[PDB]
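Let's start with one chain on its own, the form deposited in one PDB entry, as structure tokens.
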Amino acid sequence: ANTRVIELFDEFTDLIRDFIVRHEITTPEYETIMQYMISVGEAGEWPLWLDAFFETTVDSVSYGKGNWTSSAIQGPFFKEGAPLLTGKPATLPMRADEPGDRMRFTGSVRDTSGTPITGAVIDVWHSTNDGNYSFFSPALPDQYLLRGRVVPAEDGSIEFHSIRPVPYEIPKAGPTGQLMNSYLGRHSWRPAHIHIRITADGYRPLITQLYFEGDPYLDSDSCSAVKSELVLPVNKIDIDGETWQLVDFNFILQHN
């Protein structure tokens, strides 16, 4: 689109060139940068690397604060074609003895006023206790597991159980890992989270994630994605052997 790209480019160009000058970026520097950017290309990191530092912001622009439910970063992990789920307590598809703490999510889907949005479909997915997002892991089938679509009751409410997601270290060994881990000498962890997308004819898509109080990497997310409005109050319930974690959330929507 010619005129828009023309605008941004030139301004982008000047921005970097000015960055190069003010910091007298030398040739070996240039060369390391270029080398590095090649690295990222050579592995599959661009959506990873870009989503890590920049989408939080591409996000803040696209949907922006206010009394909706706040969006959050989509991530390089979504997968279309999730199953419609409808069972006893409507569970995410998971292996047997999928490990560690069991989880319960409860909530609403109402519009500005507060009137339940019946025609909502609602995708959700999240990483195994073990840091792996199926479809993106040698360890895991290329199937629907901890992924799935859920419909709201006409009363408003929704429910699903899954397992409790936990802190994920982005590949220590990736260009992004090295950048986060070694050169910047910080860490490659995100807080425990659950990604969520919500369609509805006649409203505006929403895409967000939720995290957990007492989450050690809340203040320090690698991907600077955590808004506070989206940290989950967490009830640790001990239904014998299997310790459960229950969580509640009320979604409100854009509404075209």
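Quick note: we count residues from 1 along the sequence shown, nothing fancier.
One more form of this protein exists, namely the form solved in complex with a small molecule; it is left out here, but the text below deals with it.
Segments offered: 190 to 198, 64 to 72, 212 to 220, 227 to 235. Contacting the small molecule in the bound PDB entry at heavy atom distances within 4.5 Å is 190 to 198.
Of the residues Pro76, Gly174, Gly156, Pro93, just one reaches the small molecule in the bound PDB entry with a heavy atom at 4.5 Å or closer; this is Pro76. At least one heavy atom of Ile170 is located within 4.5 Å of the small molecule in the bound PDB entry.
Although the partner is absent here, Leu48 is a contact residue: one of its heavy atoms lies within 4.5 angstroms of the small molecule in the bound PDB entry. Proximity of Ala52 to the small molecule in the bound PDB entry: non-hydrogen atoms within 4.5 Å are present. With a 4.5 Å cutoff on heavy atoms, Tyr133 counts as touching the small molecule in the bound PDB entry.
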